[PDB]
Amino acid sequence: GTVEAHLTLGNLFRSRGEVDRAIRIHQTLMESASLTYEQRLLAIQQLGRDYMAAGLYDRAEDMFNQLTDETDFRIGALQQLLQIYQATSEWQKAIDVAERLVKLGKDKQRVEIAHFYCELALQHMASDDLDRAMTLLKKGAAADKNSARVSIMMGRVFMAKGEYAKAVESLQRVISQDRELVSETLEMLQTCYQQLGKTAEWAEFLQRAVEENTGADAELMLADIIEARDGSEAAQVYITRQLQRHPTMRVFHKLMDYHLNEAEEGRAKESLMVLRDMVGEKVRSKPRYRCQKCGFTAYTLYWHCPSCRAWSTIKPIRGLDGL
């Protein structure tokens, strides 16, 4: 009746962005004596959502904390608390709430739990545990065994410990977890294979990677192998063939290097070097990654999209301006 109208009117002001008005309406309702207990819970819930929209997370937390012990509100209350603790980077608290949601039991929240443990592990990778970091990552793996991020971070910790064999095992898990993130592991894997004395196998790994269209990284990397091994002629032939098959400005830029280093010298090179330099500056200015959810582009890999707040949606950009 009147109570639902009050609740709704408050909601309308919230979605309009007039959160102060929403707060006033819902708080006055929450504090009214005419309300039933159930109606009051509804008021507390909406007031909680008002505080969320306002960025008043301590206040929001107080509201939702009052609903976790209510069957009709428990699910939403934990869900909102989960959002709060992420927004405030209270990862341990986010885990605990996500745990309750999982034991209630929300399925997909295992994904976020893994990321939360990763966030915690980062705090111990800094200050260099490193045992504490690995412990957290293992808990992360337990939560989501299909998490590419966990695999990558374990690889980095293993490499820090000089455990290159174990690093390869973790890093190559990415192949079956998220193909689009394999390119993020190539630099680390290259170092690992060198430490393991398996440079030959690495060259084959890359050969198969290019065949699976891993992109410019795996191509340029294998080109440097062809060069040091079979000379600059064999490398230029390779890049030439690949450039036709997978046109990219990065491979383009490399092929110009081969020509520029072989053909000299004079006004022909002068203008050519100017162009190749232009390509280089352009490649350097372009974004490397892009959120597949909201199209937020970036320069470095974000696991948590600063825009849409989603997890593991930002992948390397493909195409001519990508890899």
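All residue numbers refer to positions in the sequence shown, first residue = 1.
Look at the mean CA B-factor for 113 to 121 and for 100 to 108 in the entry; the higher one is 100 to 108. When 188 to 196 is weighed against 141 to 149, 141 to 149 comes out higher, by mean CA B-factor as recorded in the entry. Residues shown: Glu38, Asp58, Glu31, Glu262. Highest C-alpha temperature factor in the entry: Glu262. Which of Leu42, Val274, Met52, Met63 has the largest Cα B-factor in the deposited entry comes down to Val274. When all modelled residues of the chain are sorted by CA temperature factor, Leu67 is found within the middle third. Ranked against the other modelled residues of its chain, the C-alpha B-factor of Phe13 as given in the entry falls in the lowest third. The entry lists a Cα temperature factor for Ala234 that places it in the highest third of the chain's modelled residues. The deposited CA B-factor of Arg179 belongs to the middle third of values across its chain. When the CA B factors of the chain's modelled residues are split into thirds, the value for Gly266 lands in the highest one.
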